[PDB]
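Just so you know, all these numbers are worked out from the coordinates, no wet-lab data involved. With ideal geometry, Cβ positions are generated from the backbone for all residues, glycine too; neighbour counts draw on all protein chains shown.
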Amino acid sequence: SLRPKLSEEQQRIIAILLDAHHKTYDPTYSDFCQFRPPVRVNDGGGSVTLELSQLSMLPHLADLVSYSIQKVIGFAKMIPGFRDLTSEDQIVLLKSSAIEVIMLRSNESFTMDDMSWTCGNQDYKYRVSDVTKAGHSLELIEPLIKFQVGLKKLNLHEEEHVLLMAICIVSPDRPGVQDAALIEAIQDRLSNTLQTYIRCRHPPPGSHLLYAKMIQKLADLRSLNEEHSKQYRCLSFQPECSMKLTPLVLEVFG
Ligand SMILES: C=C1/C(=C\C=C2/CCC[C@]3(C)[C@@H]([C@H](C)c4ccc(C(C)(C)O)o4)CC[C@@H]23)C[C@@H](O)C[C@@H]1O
């Protein structure tokens, strides 16, 4: 069972992606006080009527997601080969993957301590009850939490985490892509880097079938993407919803 060494180029790709992530993911969440403030209405009963009437957490979470899409755009532009694509394909890939990369990158704030995304004091701790206060339902939230725990338990090296985000973005099977072959060539270069990295740098037993497990998470993300889109559609029917979102969020999901 051969373990070819990482090529000079593969090492450079990993370094570039690590740098890109470090430049676009602030692990202190220090910008979050700039978003519209979180508001949490009394909704212990999980009333859909109340949740939609108030959408109390939506301005804050929409601002968080919008900010994150901006960061993902920056990250993607640093992926080796991404700028070889036409502008048209670049935008198709970004719009189609945005929610998935947000779900992946959020794993860094997710904690199994209490099953929350913890981004600071209580104000910026996001629980399932906060997501329902933004107008989403359990059909999305429950599998989202299951996804976060499963990803956590893979214990990815940061190298593997950034590669997975890059592979997710540069996917040739997204609707509307023009040069699928070029996209696939870029993705293959990243996939080969990841497979090679795992085999020579990830110790047992966590390395066992790890590449296959990571590829399965990409398939899981497709499912969550589809469910999020259905739910965003519903959310959009609420009068005055657009003011609680942002122009970038409206474009990406509308
Ligand atoms: C973003 C990041 C973070 C959390 C992501 C969360 C927690 C709150 C609920 C969110 C935002 C989920 C929620 C279902 C969601 C995603 C997009 C939307 C809207 C409200 C736009 O429909 O709602 C998806 C990702 C979830 C915090 C930090 O890790 C940065 C990361 O980019």
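Computed from phi, the 3J(HN,Hα) profile of the range 182-197 under the Karplus parametrisation 6.51, -1.76, 1.60 (θ = phi - 60°) reads 5, 4, 5, 5, 5, 4, 4, 4, 6, 4, 4, 4, 5, 4, 5, 3 Hz, with x in place of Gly and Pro. In terms of overall dimensions, the C-alpha atoms belonging to the range 24-160 reach 51, 32, 30 Å along their principal axes, ordered largest to smallest. The residue among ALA166, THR111, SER223 whose Cα reaches farthest toward the positive pole of the charge dipole of the chain, with charges on the beta-carbon of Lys, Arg, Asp and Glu, is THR111. Database remark: amide H of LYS125 closer than 5 angstrom to the amide H of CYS119 (H placed geometrically; neighbours at sequence offset of 5 or more, or on other chains; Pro and chain starts carry no H). Available extension along the chain between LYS5 and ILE102 is 31.8 nm, counting 0.36 nm per residue and deducting the alpha carbon span. For the range 198-254, the spread of Cα coordinates along the three principal axes comes to 53, 18, 14 Å, biggest extent given first. Legend: residue pairs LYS5/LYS153; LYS152/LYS213; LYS23/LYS146, Cα-Cα distance threshold 19 Å; pairs beyond threshold, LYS5/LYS153; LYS23/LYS146.
Extension gain, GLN122 to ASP26: 0.36 nm times the residue separation minus the Cα-Cα distance gives 32.7 nm. In sequence order, the range 73-82 has phi-based couplings of 4, x, 4, 4, 5, 9, 5, x, x, 4 Hz under the Karplus curve 6.51 cos²θ - 1.76 cosθ + 1.60, θ = phi - 60°, and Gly or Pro positions carry x.
Working note: Debye formula, equal point scatterers on the alpha-carbon atoms of the chain, no solvent; log10 I(q)/I(0) at q = 0.09, 0.17 Å⁻¹ is -0.41, -1.39.
Between amide H atoms placed 1.01 Å from N, distances below 5 Å from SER116 occur with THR111, all of them 5 or more places distant or on a separate chain. Sorted from greatest to least, the principal axis extents spanned by the alpha carbons of the range 126-254 come out as 54, 37, 19 Å. Annotation: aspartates and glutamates with alpha-carbon distance below 20 angstrom to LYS95 (same-chain offsets under eight excluded): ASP63, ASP84, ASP173, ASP179, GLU184, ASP220, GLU226, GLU227, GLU251.
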